[PDB]
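Asks: Below is the structure I would like to discuss, written out as structure tokens.
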Protein chains: 2
Amino acid sequence: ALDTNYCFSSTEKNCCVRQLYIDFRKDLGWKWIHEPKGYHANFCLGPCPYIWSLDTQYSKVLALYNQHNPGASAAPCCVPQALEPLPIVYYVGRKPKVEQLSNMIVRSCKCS
Amino acid sequence: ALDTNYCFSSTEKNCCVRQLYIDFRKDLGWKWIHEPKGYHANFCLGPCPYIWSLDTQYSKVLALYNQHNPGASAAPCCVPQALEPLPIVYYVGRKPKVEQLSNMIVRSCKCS
């Protein structure tokens with residue numbers, strides 16, 4: 001499976017959602033959000049082979065187009081299929097507010 | 001728009017479907033297909049900004065996560081949303097056959 005459960009290993013480099021904790025201010029510097037300090041944004045990296053969870057037929061073709069030529073960066077593009085919200089807390093002028101951003105997290109990538 | 005019509009320019013480096021003609025044998029070396037020699041496989045490259053056609057909410061966040069740190073390859077992943085078939089011609093033993101591969105081409109990418 002290509003989720004953040006099996007992608008949290010040390011091997012495999014194909015379409016696998018890798019950890020990507022993002023500290024709102026450290027990484028995005030977001031100033032409109034106070035808490036939490038960050039979150040498990042996660043993300044997907046690595047190209048896609050010809051046997052992975054290829055969804056489109058162009059994912060198996062271009063997959064070889066790259067696996068054949070070394071140095072070619074036209075491989076496919078693994079992406080976050082399912083996502084997750086994000087319970088934060090920002091400030092509007094002077095009143096504190098807590099919300100839940102939508103799709104502000106990853107729970108499973110794929111190969112589009 | 002992020003299609004193969006506006007992406008066929010010389011500027012812009014974000015989620016834009018770039019040309020990717022693939023010569024079945026030259027690039028994929030495919031031996032199960034005789035014709036055509038190749039096709040306009042096309043593909044998508046470049047990361048995704050925070051104003052492009054972001055579809056998921058995680059595309060605007062990780063978008064800055066990379067745009068903020070130089071050298072970070074955890075950016076988003078532009079992908080071929082719509083695709084196109086492909087009229088080919090291969091051989092089964094000794095009989096010639098013509099088909100139309102499905103999604104064997106790109107007609108518009110996006111940012112998953």
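We name chains A, B, ... following the order of the structure tokens; residues begin at 1 in each chain, and ligands are numbered from 1 as shown.
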Please return the superposed copy of chain A as a compact mmCIF listing (two decimals) with N, CA, C and O atoms, in the first residue's frame; the fit should be least squares onto chain B across all sequentially paired Cα atoms.
Replies:
# COMPACT_ATOMS: atom_id res chain seq x y z
N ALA A 1 -4.52 28.62 -17.95
CA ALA A 1 -4.90 27.18 -17.96
C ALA A 1 -3.64 26.32 -17.96
O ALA A 1 -2.60 26.72 -18.44
N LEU A 2 -3.72 25.13 -17.42
CA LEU A 2 -2.52 24.25 -17.39
C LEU A 2 -2.70 23.10 -18.38
O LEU A 2 -2.69 21.94 -18.01
N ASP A 3 -2.87 23.41 -19.62
CA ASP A 3 -3.06 22.34 -20.64
C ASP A 3 -1.84 22.29 -21.56
O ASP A 3 -0.90 23.04 -21.40
N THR A 4 -1.86 21.41 -22.53
CA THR A 4 -0.71 21.30 -23.46
C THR A 4 -0.80 22.39 -24.53
O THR A 4 -0.05 22.40 -25.49
N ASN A 5 -1.70 23.32 -24.38
CA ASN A 5 -1.82 24.42 -25.37
C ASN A 5 -1.07 25.65 -24.85
O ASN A 5 -0.36 26.31 -25.57
N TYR A 6 -1.23 25.95 -23.58
CA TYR A 6 -0.54 27.12 -23.00
C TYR A 6 0.82 26.67 -22.43
O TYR A 6 1.70 27.47 -22.20
N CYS A 7 0.98 25.39 -22.20
CA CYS A 7 2.27 24.89 -21.65
C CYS A 7 3.29 24.76 -22.77
O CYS A 7 4.47 24.54 -22.54
N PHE A 8 2.86 24.88 -24.00
CA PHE A 8 3.81 24.77 -25.14
C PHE A 8 4.48 26.12 -25.39
O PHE A 8 4.64 26.55 -26.52
N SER A 9 4.88 26.80 -24.35
CA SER A 9 5.54 28.13 -24.54
C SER A 9 7.03 28.00 -24.22
O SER A 9 7.62 26.94 -24.35
N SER A 10 7.65 29.07 -23.81
CA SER A 10 9.11 29.01 -23.49
C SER A 10 9.34 29.52 -22.07
O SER A 10 10.44 29.45 -21.55
N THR A 11 8.33 30.04 -21.44
CA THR A 11 8.50 30.56 -20.05
C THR A 11 7.62 29.75 -19.09
O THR A 11 7.11 28.71 -19.43
N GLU A 12 7.45 30.23 -17.89
CA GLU A 12 6.61 29.49 -16.91
C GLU A 12 7.26 28.15 -16.58
O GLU A 12 7.65 27.41 -17.46
N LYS A 13 7.39 27.83 -15.32
CA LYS A 13 8.04 26.54 -14.94
C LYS A 13 7.22 25.86 -13.83
O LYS A 13 7.71 25.00 -13.13
N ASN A 14 5.98 26.23 -13.68
CA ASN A 14 5.14 25.61 -12.62
C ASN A 14 4.42 24.38 -13.19
O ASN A 14 4.80 23.86 -14.23
N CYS A 15 3.39 23.92 -12.54
CA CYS A 15 2.65 22.73 -13.05
C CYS A 15 2.19 23.01 -14.48
O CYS A 15 1.11 23.51 -14.71
N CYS A 16 3.01 22.69 -15.45
CA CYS A 16 2.62 22.93 -16.86
C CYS A 16 2.96 21.70 -17.69
O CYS A 16 4.09 21.25 -17.73
N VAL A 17 1.99 21.14 -18.36
CA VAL A 17 2.25 19.93 -19.18
C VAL A 17 3.25 20.27 -20.29
O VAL A 17 2.95 21.01 -21.21
N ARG A 18 4.43 19.73 -20.23
CA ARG A 18 5.44 20.02 -21.29
C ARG A 18 5.40 18.92 -22.35
O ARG A 18 4.94 17.83 -22.11
N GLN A 19 5.88 19.21 -23.53
CA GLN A 19 5.87 18.18 -24.61
C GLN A 19 6.71 16.98 -24.18
O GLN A 19 7.70 17.12 -23.49
N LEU A 20 6.32 15.80 -24.57
CA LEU A 20 7.10 14.59 -24.18
C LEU A 20 6.93 13.51 -25.23
O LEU A 20 6.71 12.36 -24.91
N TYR A 21 7.04 13.84 -26.49
CA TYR A 21 6.89 12.79 -27.53
C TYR A 21 7.73 11.59 -27.12
O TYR A 21 8.88 11.72 -26.74
N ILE A 22 7.18 10.42 -27.19
CA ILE A 22 7.95 9.21 -26.80
C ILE A 22 7.99 8.23 -27.97
O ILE A 22 6.97 7.75 -28.42
N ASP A 23 9.16 7.93 -28.46
CA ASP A 23 9.24 6.97 -29.60
C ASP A 23 9.21 5.56 -29.02
O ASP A 23 10.21 5.03 -28.58
N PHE A 24 8.04 4.97 -29.00
CA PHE A 24 7.84 3.60 -28.44
C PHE A 24 9.16 2.84 -28.26
O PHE A 24 9.45 2.35 -27.19
N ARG A 25 9.94 2.70 -29.30
CA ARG A 25 11.21 1.93 -29.17
C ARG A 25 12.37 2.81 -28.68
O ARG A 25 13.21 2.36 -27.93
N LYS A 26 12.45 4.03 -29.12
CA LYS A 26 13.58 4.90 -28.68
C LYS A 26 13.52 5.16 -27.18
O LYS A 26 14.50 5.01 -26.47
N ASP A 27 12.40 5.59 -26.69
CA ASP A 27 12.28 5.91 -25.24
C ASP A 27 11.84 4.69 -24.42
O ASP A 27 12.51 4.31 -23.47
N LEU A 28 10.73 4.09 -24.73
CA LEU A 28 10.26 2.93 -23.91
C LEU A 28 10.83 1.62 -24.46
O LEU A 28 10.83 0.61 -23.78
N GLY A 29 11.30 1.62 -25.67
CA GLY A 29 11.85 0.35 -26.24
C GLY A 29 10.72 -0.68 -26.34
O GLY A 29 10.95 -1.85 -26.57
N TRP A 30 9.50 -0.25 -26.15
CA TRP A 30 8.35 -1.19 -26.22
C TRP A 30 8.50 -2.10 -27.44
O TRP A 30 8.68 -1.65 -28.55
N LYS A 31 8.43 -3.38 -27.23
CA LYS A 31 8.57 -4.34 -28.35
C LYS A 31 7.21 -4.93 -28.70
O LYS A 31 7.04 -5.59 -29.70
N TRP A 32 6.22 -4.71 -27.86
CA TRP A 32 4.88 -5.28 -28.15
C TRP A 32 4.09 -4.33 -29.04
O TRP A 32 2.97 -4.61 -29.42
N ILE A 33 4.65 -3.20 -29.39
CA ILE A 33 3.92 -2.24 -30.26
C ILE A 33 4.78 -1.92 -31.49
O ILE A 33 5.94 -1.59 -31.37
N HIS A 34 4.21 -2.02 -32.66
CA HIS A 34 4.98 -1.72 -33.89
C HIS A 34 4.73 -0.27 -34.32
O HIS A 34 5.65 0.50 -34.52
N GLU A 35 3.49 0.11 -34.47
CA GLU A 35 3.18 1.51 -34.88
C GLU A 35 2.17 2.13 -33.91
O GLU A 35 1.44 1.42 -33.25
N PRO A 36 2.17 3.43 -33.85
CA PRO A 36 3.07 4.28 -34.66
C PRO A 36 4.48 4.29 -34.06
O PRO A 36 4.72 3.74 -33.01
N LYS A 37 5.41 4.93 -34.72
CA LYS A 37 6.79 5.00 -34.20
C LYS A 37 6.77 5.53 -32.77
O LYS A 37 7.55 5.12 -31.93
N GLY A 38 5.89 6.45 -32.49
CA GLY A 38 5.82 7.03 -31.12
C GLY A 38 4.47 7.73 -30.93
O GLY A 38 3.46 7.30 -31.44
N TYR A 39 4.46 8.82 -30.21
CA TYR A 39 3.17 9.54 -29.99
C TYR A 39 3.42 10.75 -29.08
O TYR A 39 4.47 10.88 -28.48
N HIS A 40 2.47 11.63 -28.97
CA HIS A 40 2.65 12.82 -28.10
C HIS A 40 2.28 12.45 -26.66
O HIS A 40 1.26 12.87 -26.14
N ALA A 41 3.08 11.65 -26.02
CA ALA A 41 2.77 11.23 -24.62
C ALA A 41 2.62 12.46 -23.73
O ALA A 41 1.74 12.52 -22.89
N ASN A 42 3.46 13.44 -23.90
CA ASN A 42 3.35 14.67 -23.06
C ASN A 42 3.56 14.30 -21.59
O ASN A 42 3.72 13.15 -21.24
N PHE A 43 3.55 15.28 -20.72
CA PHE A 43 3.74 14.99 -19.27
C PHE A 43 3.73 16.30 -18.49
O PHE A 43 3.60 17.36 -19.06
N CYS A 44 3.83 16.24 -17.19
CA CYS A 44 3.80 17.49 -16.38
C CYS A 44 5.09 17.63 -15.57
O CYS A 44 5.61 16.67 -15.05
N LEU A 45 5.59 18.83 -15.43
CA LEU A 45 6.83 19.04 -14.64
C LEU A 45 6.68 20.30 -13.79
O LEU A 45 5.63 20.91 -13.74
N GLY A 46 7.73 20.71 -13.13
CA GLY A 46 7.65 21.94 -12.30
C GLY A 46 6.73 21.69 -11.10
O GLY A 46 5.84 20.87 -11.17
N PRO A 47 6.99 22.40 -10.03
CA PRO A 47 6.21 22.29 -8.79
C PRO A 47 4.88 23.05 -8.92
O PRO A 47 4.42 23.32 -10.01
N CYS A 48 4.28 23.39 -7.82
CA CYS A 48 2.99 24.14 -7.88
C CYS A 48 3.04 25.31 -6.89
O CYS A 48 3.36 25.12 -5.73
N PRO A 49 2.72 26.49 -7.37
CA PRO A 49 2.71 27.71 -6.54
C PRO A 49 1.48 27.72 -5.62
O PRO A 49 0.80 26.73 -5.47
N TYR A 50 1.21 28.84 -5.00
CA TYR A 50 0.03 28.90 -4.08
C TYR A 50 -1.15 29.58 -4.79
O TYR A 50 -2.15 29.89 -4.18
N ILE A 51 -1.04 29.82 -6.07
CA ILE A 51 -2.16 30.48 -6.80
C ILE A 51 -2.53 29.68 -8.05
O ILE A 51 -3.54 29.94 -8.68
N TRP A 52 -1.74 28.72 -8.42
CA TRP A 52 -2.05 27.91 -9.63
C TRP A 52 -3.42 27.26 -9.47
O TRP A 52 -4.25 27.71 -8.70
N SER A 53 -3.67 26.19 -10.18
CA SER A 53 -4.99 25.51 -10.07
C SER A 53 -4.95 24.53 -8.89
O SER A 53 -5.41 23.41 -9.00
N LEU A 54 -4.42 24.94 -7.78
CA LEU A 54 -4.35 24.03 -6.60
C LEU A 54 -5.71 23.35 -6.41
O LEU A 54 -6.73 24.00 -6.35
N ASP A 55 -5.72 22.05 -6.30
CA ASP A 55 -7.01 21.33 -6.11
C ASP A 55 -7.19 20.96 -4.64
O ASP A 55 -8.24 21.16 -4.06
N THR A 56 -6.17 20.41 -4.03
CA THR A 56 -6.29 20.03 -2.59
C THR A 56 -5.74 21.16 -1.72
O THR A 56 -4.99 22.00 -2.17
N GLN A 57 -6.11 21.19 -0.47
CA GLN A 57 -5.61 22.27 0.43
C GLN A 57 -4.15 22.00 0.79
O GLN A 57 -3.42 22.89 1.17
N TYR A 58 -3.71 20.78 0.66
CA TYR A 58 -2.29 20.46 0.99
C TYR A 58 -1.39 20.94 -0.15
O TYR A 58 -0.18 20.93 -0.05
N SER A 59 -1.97 21.37 -1.24
CA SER A 59 -1.13 21.85 -2.38
C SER A 59 -0.70 23.29 -2.14
O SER A 59 0.31 23.74 -2.63
N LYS A 60 -1.46 24.03 -1.37
CA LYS A 60 -1.08 25.45 -1.10
C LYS A 60 -0.11 25.50 0.08
O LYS A 60 0.73 26.37 0.18
N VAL A 61 -0.22 24.56 0.99
CA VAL A 61 0.69 24.56 2.16
C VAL A 61 2.07 24.06 1.73
O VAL A 61 3.03 24.80 1.71
N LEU A 62 2.18 22.81 1.37
CA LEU A 62 3.51 22.27 0.94
C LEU A 62 4.07 23.17 -0.16
O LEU A 62 5.27 23.28 -0.34
N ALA A 63 3.21 23.83 -0.91
CA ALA A 63 3.71 24.73 -1.98
C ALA A 63 4.68 25.73 -1.37
O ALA A 63 5.76 25.96 -1.87
N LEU A 64 4.31 26.32 -0.26
CA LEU A 64 5.20 27.31 0.41
C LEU A 64 6.32 26.55 1.13
O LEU A 64 7.45 26.99 1.19
N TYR A 65 6.00 25.41 1.68
CA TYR A 65 7.03 24.61 2.40
C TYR A 65 8.28 24.47 1.52
O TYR A 65 9.39 24.40 2.01
N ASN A 66 8.09 24.43 0.23
CA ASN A 66 9.26 24.30 -0.69
C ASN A 66 9.69 25.69 -1.14
O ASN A 66 10.86 26.04 -1.11
N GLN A 67 8.75 26.49 -1.55
CA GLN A 67 9.07 27.87 -2.02
C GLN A 67 9.82 28.63 -0.92
O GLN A 67 10.39 29.68 -1.15
N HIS A 68 9.81 28.11 0.27
CA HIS A 68 10.51 28.80 1.39
C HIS A 68 11.92 28.22 1.56
O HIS A 68 12.88 28.93 1.76
N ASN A 69 12.05 26.92 1.47
CA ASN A 69 13.40 26.30 1.62
C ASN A 69 13.94 25.91 0.24
O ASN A 69 13.35 25.10 -0.45
N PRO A 70 15.06 26.50 -0.13
CA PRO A 70 15.70 26.22 -1.42
C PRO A 70 16.46 24.89 -1.36
O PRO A 70 17.23 24.65 -0.45
N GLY A 71 16.25 24.03 -2.31
CA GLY A 71 16.95 22.72 -2.30
C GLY A 71 16.00 21.64 -1.79
O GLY A 71 16.30 20.46 -1.85
N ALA A 72 14.85 22.02 -1.31
CA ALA A 72 13.88 21.02 -0.80
C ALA A 72 13.13 20.42 -1.98
O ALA A 72 12.53 21.11 -2.78
N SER A 73 13.18 19.13 -2.10
CA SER A 73 12.48 18.46 -3.24
C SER A 73 11.16 17.85 -2.75
O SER A 73 10.69 16.87 -3.29
N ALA A 74 10.57 18.42 -1.73
CA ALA A 74 9.28 17.86 -1.22
C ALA A 74 8.12 18.70 -1.76
O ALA A 74 7.01 18.63 -1.26
N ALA A 75 8.36 19.47 -2.78
CA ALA A 75 7.27 20.31 -3.36
C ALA A 75 6.08 19.41 -3.70
O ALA A 75 6.09 18.24 -3.37
N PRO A 76 5.07 19.97 -4.34
CA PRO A 76 3.87 19.20 -4.71
C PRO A 76 4.17 18.34 -5.93
O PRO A 76 5.32 18.09 -6.25
N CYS A 77 3.17 17.87 -6.61
CA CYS A 77 3.44 17.02 -7.80
C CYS A 77 2.39 17.26 -8.89
O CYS A 77 1.33 16.65 -8.90
N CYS A 78 2.69 18.11 -9.83
CA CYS A 78 1.72 18.37 -10.94
C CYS A 78 1.48 17.04 -11.67
O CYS A 78 2.38 16.23 -11.81
N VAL A 79 0.27 16.77 -12.10
CA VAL A 79 0.00 15.46 -12.77
C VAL A 79 -0.98 15.62 -13.94
O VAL A 79 -1.69 16.61 -14.03
N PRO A 80 -1.01 14.63 -14.80
CA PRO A 80 -1.90 14.62 -15.98
C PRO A 80 -3.34 14.30 -15.56
O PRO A 80 -3.72 13.16 -15.41
N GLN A 81 -4.15 15.31 -15.38
CA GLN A 81 -5.56 15.06 -14.97
C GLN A 81 -6.29 14.33 -16.10
O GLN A 81 -6.63 13.17 -15.98
N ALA A 82 -6.51 14.98 -17.21
CA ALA A 82 -7.20 14.32 -18.34
C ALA A 82 -6.16 13.64 -19.24
O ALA A 82 -5.01 14.01 -19.24
N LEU A 83 -6.56 12.65 -19.98
CA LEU A 83 -5.59 11.95 -20.87
C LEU A 83 -6.22 11.69 -22.23
O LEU A 83 -7.28 12.20 -22.55
N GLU A 84 -5.58 10.89 -23.01
CA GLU A 84 -6.12 10.55 -24.36
C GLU A 84 -5.66 9.14 -24.72
O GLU A 84 -4.67 8.67 -24.20
N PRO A 85 -6.40 8.51 -25.60
CA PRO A 85 -6.09 7.14 -26.04
C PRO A 85 -4.89 7.13 -26.98
O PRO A 85 -4.11 8.07 -27.02
N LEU A 86 -4.71 6.08 -27.73
CA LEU A 86 -3.54 6.00 -28.65
C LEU A 86 -3.77 4.87 -29.66
O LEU A 86 -3.71 3.71 -29.31
N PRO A 87 -4.01 5.23 -30.90
CA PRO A 87 -4.24 4.26 -31.98
C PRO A 87 -2.90 3.62 -32.37
O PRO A 87 -2.06 4.24 -32.99
N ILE A 88 -2.70 2.39 -32.00
CA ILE A 88 -1.41 1.72 -32.33
C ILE A 88 -1.63 0.54 -33.25
O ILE A 88 -2.67 0.39 -33.87
N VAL A 89 -0.66 -0.32 -33.31
CA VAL A 89 -0.74 -1.54 -34.14
C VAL A 89 0.35 -2.51 -33.69
O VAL A 89 1.53 -2.25 -33.87
N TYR A 90 -0.01 -3.61 -33.10
CA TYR A 90 1.04 -4.56 -32.64
C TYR A 90 0.83 -5.91 -33.32
O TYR A 90 0.04 -6.04 -34.24
N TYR A 91 1.54 -6.92 -32.90
CA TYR A 91 1.39 -8.25 -33.55
C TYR A 91 1.19 -9.34 -32.50
O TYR A 91 1.91 -9.42 -31.52
N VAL A 92 0.24 -10.19 -32.71
CA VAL A 92 0.00 -11.31 -31.76
C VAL A 92 0.43 -12.60 -32.44
O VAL A 92 -0.32 -13.21 -33.17
N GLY A 93 1.65 -13.00 -32.23
CA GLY A 93 2.14 -14.24 -32.90
C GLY A 93 2.48 -13.92 -34.36
O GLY A 93 3.63 -13.75 -34.71
N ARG A 94 1.48 -13.83 -35.20
CA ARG A 94 1.75 -13.53 -36.64
C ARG A 94 0.64 -12.66 -37.24
O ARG A 94 0.71 -12.26 -38.39
N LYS A 95 -0.39 -12.38 -36.50
CA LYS A 95 -1.49 -11.55 -37.07
C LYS A 95 -1.36 -10.10 -36.59
O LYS A 95 -1.14 -9.87 -35.42
N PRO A 96 -1.49 -9.18 -37.50
CA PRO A 96 -1.39 -7.74 -37.19
C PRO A 96 -2.68 -7.25 -36.53
O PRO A 96 -3.76 -7.70 -36.87
N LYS A 97 -2.59 -6.34 -35.60
CA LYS A 97 -3.82 -5.84 -34.93
C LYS A 97 -3.69 -4.35 -34.63
O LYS A 97 -2.63 -3.87 -34.28
N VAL A 98 -4.76 -3.61 -34.76
CA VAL A 98 -4.70 -2.15 -34.47
C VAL A 98 -5.64 -1.85 -33.30
O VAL A 98 -6.80 -2.23 -33.31
N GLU A 99 -5.17 -1.18 -32.29
CA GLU A 99 -6.05 -0.87 -31.13
C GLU A 99 -5.99 0.61 -30.80
O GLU A 99 -5.59 1.43 -31.60
N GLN A 100 -6.38 0.95 -29.60
CA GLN A 100 -6.36 2.37 -29.17
C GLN A 100 -6.09 2.43 -27.67
O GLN A 100 -7.00 2.54 -26.88
N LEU A 101 -4.85 2.33 -27.28
CA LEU A 101 -4.53 2.37 -25.83
C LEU A 101 -5.33 3.48 -25.16
O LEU A 101 -5.62 4.50 -25.75
N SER A 102 -5.70 3.28 -23.93
CA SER A 102 -6.51 4.31 -23.21
C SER A 102 -5.62 5.13 -22.27
O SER A 102 -4.75 4.60 -21.62
N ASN A 103 -5.86 6.41 -22.17
CA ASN A 103 -5.04 7.26 -21.25
C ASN A 103 -3.56 7.13 -21.61
O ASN A 103 -2.69 7.23 -20.77
N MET A 104 -3.26 6.92 -22.86
CA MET A 104 -1.84 6.80 -23.28
C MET A 104 -1.34 8.17 -23.72
O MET A 104 -0.37 8.29 -24.45
N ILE A 105 -1.99 9.22 -23.29
CA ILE A 105 -1.56 10.59 -23.68
C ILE A 105 -2.04 11.58 -22.62
O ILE A 105 -2.86 11.26 -21.79
N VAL A 106 -1.54 12.78 -22.65
CA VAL A 106 -1.97 13.79 -21.65
C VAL A 106 -2.68 14.95 -22.37
O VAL A 106 -2.31 15.34 -23.46
N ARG A 107 -3.70 15.50 -21.76
CA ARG A 107 -4.43 16.62 -22.41
C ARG A 107 -4.65 17.74 -21.39
O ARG A 107 -5.37 18.69 -21.64
N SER A 108 -4.05 17.64 -20.24
CA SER A 108 -4.22 18.70 -19.20
C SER A 108 -3.72 18.18 -17.85
O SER A 108 -4.17 17.17 -17.35
N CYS A 109 -2.77 18.86 -17.27
CA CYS A 109 -2.22 18.40 -15.96
C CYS A 109 -2.94 19.11 -14.80
O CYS A 109 -3.98 19.72 -14.98
N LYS A 110 -2.39 19.03 -13.62
CA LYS A 110 -3.02 19.69 -12.44
C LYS A 110 -2.03 19.64 -11.28
O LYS A 110 -0.86 19.40 -11.48
N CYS A 111 -2.46 19.85 -10.07
CA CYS A 111 -1.50 19.79 -8.93
C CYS A 111 -2.08 18.93 -7.80
O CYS A 111 -2.72 19.43 -6.91
N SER A 112 -1.85 17.64 -7.84
CA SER A 112 -2.38 16.77 -6.76
C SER A 112 -1.37 16.70 -5.62
O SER A 112 -1.77 16.94 -4.49
Asks: Please run DSSP on the backbone and report, as a list in words, all residues within stretch 18-69 of chain B that come out as helix (DSSP H, G or I).
Replies: residues 58, 59, 60, 61, 62, 63, 64, 65, 66, 67 and 68 of chain B
Asks: Quick one: DSSP strand (DSSP E or B) residues in chain B, as a PyMOL selection string?
Replies: chain B and resi 16-18+22+35+39+43-45+78-87+89-92+95-97+100-111
Asks: Produce a file of the selected residues containing N, CA and C atoms, as a compact mmCIF listing (two decimals), in the first residue's frame.
Replies:
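Result file follows (out_34.txt):
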# COMPACT_ATOMS: atom_id res chain seq x y z
N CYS B 16 3.01 22.69 -15.45
CA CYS B 16 2.62 22.93 -16.86
C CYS B 16 2.96 21.70 -17.70
N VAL B 17 1.98 21.14 -18.36
CA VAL B 17 2.25 19.93 -19.18
C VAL B 17 3.24 20.27 -20.30
N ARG B 18 4.43 19.73 -20.23
CA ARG B 18 5.44 20.02 -21.29
C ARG B 18 5.40 18.92 -22.36
N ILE B 22 7.18 10.41 -27.18
CA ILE B 22 7.96 9.21 -26.79
C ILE B 22 7.99 8.23 -27.97
N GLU B 35 3.49 0.11 -34.47
CA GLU B 35 3.18 1.51 -34.89
C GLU B 35 2.17 2.13 -33.92
N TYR B 39 4.45 8.82 -30.21
CA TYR B 39 3.17 9.55 -29.99
C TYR B 39 3.42 10.75 -29.08
N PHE B 43 3.55 15.27 -20.71
CA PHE B 43 3.74 14.99 -19.26
C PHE B 43 3.73 16.30 -18.48
N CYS B 44 3.84 16.24 -17.18
CA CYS B 44 3.80 17.50 -16.38
C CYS B 44 5.08 17.63 -15.55
N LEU B 45 5.61 18.82 -15.46
CA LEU B 45 6.84 19.03 -14.64
C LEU B 45 6.69 20.30 -13.80
N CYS B 78 2.69 18.11 -9.83
CA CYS B 78 1.72 18.36 -10.94
C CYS B 78 1.48 17.03 -11.67
N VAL B 79 0.27 16.77 -12.10
CA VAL B 79 0.00 15.46 -12.78
C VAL B 79 -0.98 15.62 -13.94
N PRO B 80 -1.01 14.63 -14.80
CA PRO B 80 -1.90 14.62 -15.98
C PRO B 80 -3.34 14.30 -15.56
N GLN B 81 -4.15 15.31 -15.37
CA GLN B 81 -5.57 15.06 -14.97
C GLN B 81 -6.29 14.32 -16.10
N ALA B 82 -6.51 14.98 -17.21
CA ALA B 82 -7.20 14.32 -18.34
C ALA B 82 -6.16 13.63 -19.23
N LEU B 83 -6.56 12.65 -19.98
CA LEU B 83 -5.59 11.95 -20.87
C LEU B 83 -6.23 11.69 -22.23
N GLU B 84 -5.58 10.89 -23.02
CA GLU B 84 -6.11 10.56 -24.36
C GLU B 84 -5.66 9.15 -24.73
N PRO B 85 -6.40 8.51 -25.60
CA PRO B 85 -6.09 7.14 -26.04
C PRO B 85 -4.89 7.14 -26.98
N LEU B 86 -4.71 6.08 -27.72
CA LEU B 86 -3.54 6.00 -28.64
C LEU B 86 -3.77 4.87 -29.65
N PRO B 87 -4.01 5.23 -30.89
CA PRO B 87 -4.24 4.25 -31.97
C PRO B 87 -2.91 3.62 -32.37
N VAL B 89 -0.65 -0.32 -33.31
CA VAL B 89 -0.74 -1.54 -34.15
C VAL B 89 0.36 -2.50 -33.69
N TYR B 90 0.00 -3.60 -33.10
CA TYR B 90 1.03 -4.56 -32.64
C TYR B 90 0.83 -5.91 -33.33
N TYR B 91 1.54 -6.92 -32.90
CA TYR B 91 1.39 -8.25 -33.55
C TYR B 91 1.19 -9.34 -32.50
N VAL B 92 0.23 -10.19 -32.71
CA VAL B 92 0.00 -11.31 -31.76
C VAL B 92 0.44 -12.60 -32.45
N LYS B 95 -0.41 -12.38 -36.48
CA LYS B 95 -1.52 -11.56 -37.02
C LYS B 95 -1.36 -10.10 -36.57
N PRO B 96 -1.50 -9.19 -37.50
CA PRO B 96 -1.39 -7.75 -37.21
C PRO B 96 -2.68 -7.25 -36.55
N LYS B 97 -2.58 -6.35 -35.61
CA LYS B 97 -3.81 -5.84 -34.94
C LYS B 97 -3.68 -4.35 -34.64
N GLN B 100 -6.38 0.95 -29.60
CA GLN B 100 -6.36 2.37 -29.18
C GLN B 100 -6.09 2.43 -27.67
N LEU B 101 -4.86 2.34 -27.28
CA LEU B 101 -4.54 2.37 -25.83
C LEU B 101 -5.33 3.49 -25.16
N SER B 102 -5.70 3.28 -23.93
CA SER B 102 -6.51 4.31 -23.21
C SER B 102 -5.62 5.13 -22.26
N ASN B 103 -5.85 6.41 -22.18
CA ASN B 103 -5.03 7.26 -21.26
C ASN B 103 -3.55 7.13 -21.62
N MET B 104 -3.26 6.92 -22.87
CA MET B 104 -1.84 6.80 -23.28
C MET B 104 -1.34 8.17 -23.73
N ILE B 105 -1.99 9.22 -23.29
CA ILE B 105 -1.56 10.59 -23.68
C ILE B 105 -2.04 11.58 -22.62
N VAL B 106 -1.54 12.79 -22.65
CA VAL B 106 -1.97 13.79 -21.65
C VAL B 106 -2.68 14.95 -22.36
N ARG B 107 -3.70 15.49 -21.76
CA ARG B 107 -4.43 16.62 -22.41
C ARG B 107 -4.65 17.74 -21.39
N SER B 108 -4.05 17.63 -20.23
CA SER B 108 -4.23 18.69 -19.20
C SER B 108 -3.72 18.18 -17.85
N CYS B 109 -2.77 18.86 -17.27
CA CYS B 109 -2.23 18.40 -15.95
C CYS B 109 -2.95 19.11 -14.80
N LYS B 110 -2.39 19.03 -13.61
CA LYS B 110 -3.02 19.69 -12.44
C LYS B 110 -2.03 19.64 -11.28
N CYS B 111 -2.46 19.85 -10.07
CA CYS B 111 -1.50 19.79 -8.93
C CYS B 111 -2.08 18.93 -7.81
